[PDB]
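Chains as they are written, first to last, in the entry's author numbering: chain A, 980 to 1027; chain B, 396 to 444.
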């Protein structure tokens, strides 16, 4: 993008990539917290 | 800050962020992140003879 385009425009398009990739990464983290609770619930049962 | 100079009409387009040419490369370059104004008017009556 930045190499062939125009810096003022490259910045807006790179920000779209940052936002889309950040949303993917945040989705990953939310699902790890939801799955971590399931493993902890199982580990509490196994300890009991 | 008030910067003033004289160029050909053809080159007023270079007085703007992210342009190239003799003026913007070698004489008066505005930064990519520019937050001001450009005012330009024709002065044939004053600066040509």
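We treat Cβ as the ideally placed atom computed from N, Cα and C, and that holds for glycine.
Less than 8 Å separates the beta-carbon of residue 442 of chain B from that of residue 401 of chain B. In this structure, residue 433 of chain B lies away from residue 419 of chain B, with their beta-carbon atoms at least 8 Å apart. Counting along the chain, the unbroken alpha helix (DSSP H) around residue 991 of chain A starts and ends at 986-1026. Annotation for residue 420 of chain B: the continuous alpha helix (DSSP H) segment containing it runs 417-421. Distance from residue 981 of chain A to residue 997 of chain A at the Cβ level is roughly 13 Å; contact not present, criterion being Cβ atoms closer than 8 Å.
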